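Participant: File name structure21.cif; file contents mmCIF, C-alpha atoms; full text below.
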data_final
loop_
_atom_site.label_atom_id
_atom_site.label_comp_id
_atom_site.auth_asym_id
_atom_site.auth_seq_id
_atom_site.Cartn_x
_atom_site.Cartn_y
_atom_site.Cartn_z
CA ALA A 1 0.45 26.45 -109.82
CA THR A 2 -2.47 25.31 -111.94
CA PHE A 3 -4.59 27.74 -113.93
CA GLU A 4 -7.77 26.52 -115.62
CA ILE A 5 -8.70 28.83 -118.51
CA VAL A 6 -12.38 28.57 -119.48
CA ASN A 7 -14.10 30.13 -122.48
CA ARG A 8 -17.75 30.77 -121.59
CA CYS A 9 -18.14 33.17 -124.52
CA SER A 10 -20.38 32.21 -127.42
CA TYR A 11 -17.46 32.82 -129.80
CA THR A 12 -14.06 31.20 -130.15
CA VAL A 13 -11.12 32.84 -128.43
CA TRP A 14 -7.42 32.12 -128.60
CA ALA A 15 -6.09 32.21 -125.06
CA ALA A 16 -2.55 33.41 -124.43
CA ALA A 17 -0.23 33.17 -121.42
CA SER A 18 3.18 34.85 -121.19
CA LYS A 19 5.60 36.53 -118.80
CA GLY A 20 6.83 38.96 -121.46
CA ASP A 21 10.08 37.25 -122.41
CA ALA A 22 8.77 33.68 -122.52
CA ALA A 23 5.63 31.65 -122.93
CA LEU A 24 3.89 30.18 -119.90
CA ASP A 25 3.18 26.50 -120.61
CA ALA A 26 2.36 26.23 -124.32
CA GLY A 27 1.76 29.99 -124.55
CA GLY A 28 -1.52 29.84 -126.44
CA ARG A 29 -4.37 27.70 -127.64
CA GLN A 30 -7.71 27.88 -129.39
CA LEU A 31 -10.72 27.63 -127.07
CA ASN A 32 -14.08 27.03 -128.66
CA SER A 33 -17.15 28.03 -126.70
CA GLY A 34 -17.23 25.99 -123.50
CA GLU A 35 -13.71 24.58 -123.74
CA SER A 36 -11.26 24.57 -120.82
CA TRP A 37 -7.46 24.55 -120.98
CA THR A 38 -5.36 23.71 -117.94
CA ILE A 39 -1.84 25.10 -117.75
CA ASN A 40 0.94 24.80 -115.20
CA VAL A 41 2.81 27.95 -114.20
CA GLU A 42 6.13 27.58 -112.43
CA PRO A 43 6.25 28.76 -108.80
CA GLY A 44 7.91 32.14 -108.38
CA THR A 45 6.69 33.46 -111.73
CA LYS A 46 6.66 37.26 -111.57
CA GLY A 47 4.74 39.37 -114.04
CA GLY A 48 2.66 36.73 -115.74
CA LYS A 49 -0.38 37.63 -117.81
CA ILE A 50 -3.28 35.75 -119.38
CA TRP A 51 -5.52 37.24 -122.04
CA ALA A 52 -7.90 36.34 -124.85
CA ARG A 53 -7.37 37.07 -128.53
CA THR A 54 -10.26 37.43 -130.97
CA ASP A 55 -10.74 36.85 -134.70
CA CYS A 56 -7.52 34.95 -135.34
CA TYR A 57 -6.31 33.10 -138.43
CA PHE A 58 -3.36 30.71 -138.09
CA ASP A 59 -1.72 28.38 -140.63
CA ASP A 60 -0.41 24.90 -139.77
CA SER A 61 2.91 26.38 -138.58
CA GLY A 62 1.10 28.40 -135.90
CA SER A 63 1.66 31.74 -137.62
CA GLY A 64 -1.03 34.24 -138.48
CA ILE A 65 -2.88 37.27 -137.13
CA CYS A 66 -5.54 38.23 -134.59
CA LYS A 67 -7.64 41.38 -134.43
CA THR A 68 -7.13 41.86 -130.67
CA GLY A 69 -4.22 40.73 -128.53
CA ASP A 70 -1.93 39.52 -131.31
CA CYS A 71 1.50 38.51 -129.97
CA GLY A 72 3.75 38.90 -132.98
CA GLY A 73 1.63 36.69 -135.21
CA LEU A 74 2.15 33.50 -133.20
CA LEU A 75 -0.39 31.03 -131.88
CA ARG A 76 1.95 30.18 -128.98
CA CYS A 77 2.74 33.57 -127.49
CA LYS A 78 6.20 34.36 -126.16
CA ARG A 79 5.58 38.10 -125.72
CA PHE A 80 2.65 40.22 -124.59
CA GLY A 81 -0.19 41.05 -126.93
CA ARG A 82 -1.25 44.13 -128.82
CA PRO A 83 -3.98 46.21 -127.17
CA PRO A 84 -6.84 46.20 -126.62
CA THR A 85 -6.56 43.31 -124.15
CA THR A 86 -8.30 42.76 -120.84
CA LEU A 87 -5.50 41.40 -118.64
CA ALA A 88 -5.36 38.82 -115.86
CA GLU A 89 -2.08 39.59 -114.07
CA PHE A 90 -0.25 37.62 -111.41
CA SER A 91 3.00 37.28 -109.50
CA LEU A 92 3.40 34.02 -107.60
CA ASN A 93 5.27 33.07 -104.43
CA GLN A 94 6.52 36.57 -103.64
CA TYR A 95 7.69 36.34 -100.02
CA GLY A 96 5.04 33.75 -99.26
CA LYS A 97 2.11 35.38 -101.07
CA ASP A 98 0.48 35.40 -104.50
CA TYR A 99 -0.80 38.66 -106.01
CA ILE A 100 -3.57 38.80 -108.63
CA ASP A 101 -5.42 41.56 -110.44
CA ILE A 102 -7.36 42.42 -113.55
CA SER A 103 -6.23 45.43 -115.54
CA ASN A 104 -7.78 47.68 -118.18
CA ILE A 105 -4.53 49.68 -118.55
CA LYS A 106 -4.07 48.15 -122.02
CA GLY A 107 -7.75 48.39 -122.89
CA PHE A 108 -10.55 45.87 -122.91
CA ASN A 109 -11.57 43.22 -125.41
CA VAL A 110 -13.32 40.34 -123.58
CA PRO A 111 -15.01 40.26 -120.15
CA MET A 112 -13.22 38.16 -117.55
CA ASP A 113 -13.38 36.68 -114.07
CA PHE A 114 -10.12 35.77 -112.29
CA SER A 115 -10.71 33.67 -109.17
CA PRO A 116 -8.78 31.28 -106.93
CA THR A 117 -9.87 27.65 -106.93
CA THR A 118 -8.21 27.13 -103.53
CA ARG A 119 -9.01 28.75 -100.21
CA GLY A 120 -8.04 32.04 -98.67
CA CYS A 121 -8.84 35.00 -100.93
CA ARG A 122 -11.50 36.46 -103.21
CA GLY A 123 -11.68 36.76 -106.99
CA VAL A 124 -11.96 39.81 -109.21
CA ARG A 125 -14.14 40.45 -112.23
CA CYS A 126 -14.63 42.91 -115.07
CA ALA A 127 -17.78 41.82 -116.91
CA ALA A 128 -19.49 45.04 -118.03
CA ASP A 129 -20.20 45.86 -121.68
CA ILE A 130 -17.16 48.09 -122.09
CA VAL A 131 -17.01 47.56 -125.85
CA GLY A 132 -20.63 48.57 -126.34
CA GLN A 133 -20.28 51.70 -124.21
CA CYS A 134 -16.74 52.62 -125.36
CA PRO A 135 -16.16 56.33 -126.11
CA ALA A 136 -15.95 57.01 -129.84
CA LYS A 137 -12.29 58.05 -129.78
CA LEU A 138 -11.23 54.82 -128.02
CA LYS A 139 -13.10 52.32 -130.19
CA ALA A 140 -10.78 49.94 -131.99
CA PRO A 141 -11.85 49.07 -135.56
CA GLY A 142 -10.81 45.44 -135.15
CA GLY A 143 -12.92 45.21 -132.02
CA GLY A 144 -12.41 46.23 -128.42
CA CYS A 145 -11.96 49.46 -126.50
CA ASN A 146 -8.45 50.89 -126.40
CA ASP A 147 -6.92 52.68 -123.45
CA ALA A 148 -6.06 56.34 -123.90
CA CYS A 149 -2.28 55.84 -123.70
CA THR A 150 -2.38 53.50 -126.71
CA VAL A 151 -4.51 55.96 -128.69
CA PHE A 152 -2.99 59.34 -127.81
CA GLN A 153 0.57 58.63 -126.57
CA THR A 154 0.76 61.49 -124.05
CA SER A 155 2.76 61.66 -120.85
CA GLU A 156 -0.46 62.10 -118.88
CA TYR A 157 -2.27 59.01 -120.21
CA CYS A 158 0.87 56.84 -120.21
CA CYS A 159 2.08 58.14 -116.81
CA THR A 160 5.55 58.50 -118.30
CA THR A 161 6.92 60.81 -115.60
CA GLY A 162 5.53 58.71 -112.74
CA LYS A 163 3.10 61.55 -111.99
CA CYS A 164 -0.33 61.44 -113.60
CA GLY A 165 -3.92 61.62 -112.48
CA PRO A 166 -7.17 60.00 -113.52
CA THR A 167 -8.66 61.23 -116.78
CA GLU A 168 -12.05 61.30 -118.48
CA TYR A 169 -10.97 58.12 -120.26
CA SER A 170 -9.67 56.25 -117.21
CA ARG A 171 -12.84 57.13 -115.28
CA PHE A 172 -14.92 55.47 -118.00
CA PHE A 173 -13.16 52.13 -117.44
CA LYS A 174 -13.31 52.59 -113.66
CA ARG A 175 -17.03 53.39 -113.64
CA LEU A 176 -17.88 50.17 -115.47
CA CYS A 177 -15.25 47.98 -113.74
CA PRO A 178 -14.25 49.35 -110.33
CA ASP A 179 -12.25 46.23 -109.46
CA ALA A 180 -9.80 46.56 -112.39
CA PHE A 181 -6.86 48.95 -112.78
CA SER A 182 -7.91 51.87 -114.99
CA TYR A 183 -4.62 53.81 -115.23
CA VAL A 184 -1.06 53.28 -114.09
CA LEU A 185 -1.39 55.01 -110.70
CA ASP A 186 -4.91 53.85 -109.86
CA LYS A 187 -5.55 52.89 -106.26
CA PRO A 188 -4.53 49.21 -106.36
CA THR A 189 -7.18 46.52 -106.72
CA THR A 190 -4.65 43.73 -106.25
CA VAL A 191 -5.82 40.75 -104.21
CA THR A 192 -3.40 38.97 -101.89
CA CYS A 193 -3.74 35.18 -101.87
CA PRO A 194 -1.78 32.46 -100.04
CA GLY A 195 1.37 31.44 -101.83
CA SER A 196 0.94 28.50 -104.20
CA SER A 197 -2.79 29.01 -104.75
CA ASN A 198 -4.46 27.71 -107.92
CA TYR A 199 -6.73 29.72 -110.18
CA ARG A 200 -9.41 29.84 -112.85
CA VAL A 201 -9.71 32.52 -115.54
CA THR A 202 -13.16 32.59 -117.14
CA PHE A 203 -13.85 34.58 -120.30
CA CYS A 204 -17.44 35.90 -120.55
CA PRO A 205 -18.31 34.86 -116.97
CA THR A 206 -21.92 36.11 -117.22
CA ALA A 207 -22.43 35.85 -121.00
#
Could you express the structure from this file as structure tokens?

Facilitator:
Amino acid sequence: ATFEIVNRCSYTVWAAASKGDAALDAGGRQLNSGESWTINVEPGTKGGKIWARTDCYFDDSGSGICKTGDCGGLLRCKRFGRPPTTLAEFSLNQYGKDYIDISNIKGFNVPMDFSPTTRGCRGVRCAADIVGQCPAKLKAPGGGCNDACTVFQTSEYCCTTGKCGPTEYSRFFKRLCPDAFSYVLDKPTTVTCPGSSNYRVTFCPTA
């Protein structure tokens, strides 16, 4: 499947793509404002994620640090990134269907639209000013708005027992972005697309 990753933000981001134990395609790249990066994701990929990283510094070896979404100090990510990270999530060719969603379960750093470029399903978006409105206790100094599990490490926020409800913190994310997961057991906002669809992820879709 082809994913086109587009940075419409006015600032540089470092895109990342991983399935947790491996990079997808090159795994990461710098995207200046307006740049597009096309990657190929193998059919059948389960549990892939795409995210943006902000305020990164990398040397010529591809090693460094980012203030949001850092994946072990690498430009080319092999593992998932450190919160806060708005997440585009997908599992492809699962019994004939693709499944896509956006998630705030690991916080929010950059607004995003995640849409098919082929026919047969709708896209999803979280483009509200979550960072600007973020509750004081969830604000991340490096930038972004953390989720409550990352901050407080309780069974209720992390849903550790498999039983948990919405919270004051999850409802904040849900109020601003109803179409994104706000906690582990949120009513699913997953979109079902035809198997082998292609996609575009746009950072800062309105801004």

Participant: Taking the file above as input, evaluate the PyMOL selection byres ((chain A and resi 10) around 6) and report the hits as a list in words.

Facilitator: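 Output of the PyMOL selection byres ((chain A and resi 10) around 6): residues 9, 11 and 33 of chain A.
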
Participant: Expand the PyMOL selection byres ((chain A and resi 32) around 10) into the individual residues it matches in the shown file, reporting them as a PyMOL selection string.

Facilitator: chain A and resi 6-14+29-31+33-36

Participant: List the spatial neighbours of residue 104 of chain A as a PDB file with C-alpha atoms, keeping the file's coordinate frame - criterion: any atom at most 7 Å away, all atoms listed in the file, same-chain residues fewer than 2 positions off excluded.

Facilitator:
ATOM      1  CA  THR A  86      -8.300  42.760-120.840  1.00  0.00           C
ATOM      2  CA  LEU A  87      -5.500  41.400-118.640  1.00  0.00           C
ATOM      3  CA  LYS A 106      -4.070  48.150-122.020  1.00  0.00           C
ATOM      4  CA  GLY A 107      -7.750  48.390-122.890  1.00  0.00           C
ATOM      5  CA  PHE A 108     -10.550  45.870-122.910  1.00  0.00           C
ATOM      6  CA  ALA A 180      -9.800  46.560-112.390  1.00  0.00           C
ATOM      7  CA  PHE A 181      -6.860  48.950-112.780  1.00  0.00           C
ATOM      8  CA  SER A 182      -7.910  51.870-114.990  1.00  0.00           C
TER       9      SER A 182
END

Participant: List, as a compact mmCIF listing (two decimals) with C-alpha atoms, keeping the file's coordinate frame, every residue that the PyMOL selection byres ((chain A and resi 124) around 6) selects in the file provided.

Facilitator:
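The resulting file, selection00.txt, is reproduced below:
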# COMPACT_ATOMS: atom_id res chain seq x y z
CA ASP A 113 -13.38 36.68 -114.07
CA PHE A 114 -10.12 35.77 -112.29
CA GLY A 123 -11.68 36.76 -106.99
CA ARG A 125 -14.14 40.45 -112.23

Participant: Could you give me, as a short mmCIF file (atom, residue, chain, number, x, y, z; two decimals) with C-alpha atoms, in the coordinates of the input, the residues within 8 Å of segment 94-98 of chain A, counting only C-alpha atoms and dropping anything in the same chain fewer than 6 positions from it?

Facilitator:
data_model
loop_
_atom_site.label_atom_id
_atom_site.label_comp_id
_atom_site.auth_asym_id
_atom_site.auth_seq_id
_atom_site.Cartn_x
_atom_site.Cartn_y
_atom_site.Cartn_z
CA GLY A 44 7.91 32.14 -108.38
CA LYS A 46 6.66 37.26 -111.57
CA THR A 192 -3.40 38.97 -101.89
CA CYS A 193 -3.74 35.18 -101.87
CA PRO A 194 -1.78 32.46 -100.04
CA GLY A 195 1.37 31.44 -101.83
CA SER A 196 0.94 28.50 -104.20
CA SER A 197 -2.79 29.01 -104.75
#

Participant: When you draw a straight line from atom CA of residue 3 of chain A to atom CA of residue 21 of chain A, how long is it in Å?

Facilitator: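 Atom CA of residue 21 of chain A lies 19.4 Å from atom CA of residue 3 of chain A.
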
Participant: I'd like a table as JSON lines: residues in segment 108-169 of chain A with an atom no more than 10 Å from segment 51-64 of chain A, each row giving the shortest atom pair and its distance in Å to one decimal, all atoms listed in the file counted, sorted by chain and rising residue number.

Facilitator:
{"residue": "A:109", "atom": "CA", "partner": "A:52", "partner_atom": "CA", "distance": 7.8}
{"residue": "A:110", "atom": "CA", "partner": "A:52", "partner_atom": "CA", "distance": 6.9}
{"residue": "A:111", "atom": "CA", "partner": "A:52", "partner_atom": "CA", "distance": 9.4}
{"residue": "A:112", "atom": "CA", "partner": "A:51", "partner_atom": "CA", "distance": 9.0}
{"residue": "A:142", "atom": "CA", "partner": "A:55", "partner_atom": "CA", "distance": 8.6}
{"residue": "A:143", "atom": "CA", "partner": "A:54", "partner_atom": "CA", "distance": 8.3}
{"residue": "A:144", "atom": "CA", "partner": "A:54", "partner_atom": "CA", "distance": 9.4}

Participant: Grab the atom CA of residue 157 of chain A to atom CA of residue 66 of chain A distance for me, in Å with one decimal place.

Facilitator: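 Rounded to one decimal, the two atoms are 25.5 Å apart.
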
Participant: Which one of A:102, A:200, A:91, A:118 sits closest to residue 179 of chain A if you count all atoms listed in the file?

Facilitator: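 Of the candidates, the smallest distance to residue 179 of chain A is held by A:102.
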
Participant: To one decimal place in Å, what is the distance between atom CA of residue 153 of chain A and atom CA of residue 15 of chain A?

Facilitator: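 Answer for the atom CA of residue 153 of chain A to atom CA of residue 15 of chain A separation: 27.3 Å.
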
Participant: Looking at all atoms listed in the file, which of A:171, A:134, A:116, A:187 is the one that sits closest to residue 1 of chain A?

Facilitator: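 Among the listed residues, A:116 lies closest to residue 1 of chain A.
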
Participant: Identify, on the basis of all atoms listed in the file, every residue whose closest approach to residue 19 of chain A does not exceed 9 Å; exclude the query and any residue fewer than 4 positions from it along the same chain; express the result as a PyMOL selection string.

Facilitator: chain A and resi 23-24+45-50+78-80

Participant: List the spatial neighbours of residue 139 of chain A as a VMD selection string - criterion: any atom at most 12 Å away, only C-alpha atoms, same-chain residues fewer than 5 positions off excluded.

Facilitator: chain A and resid 83 to 84 107 to 109 130 to 134 144 to 148 150 to 151 169
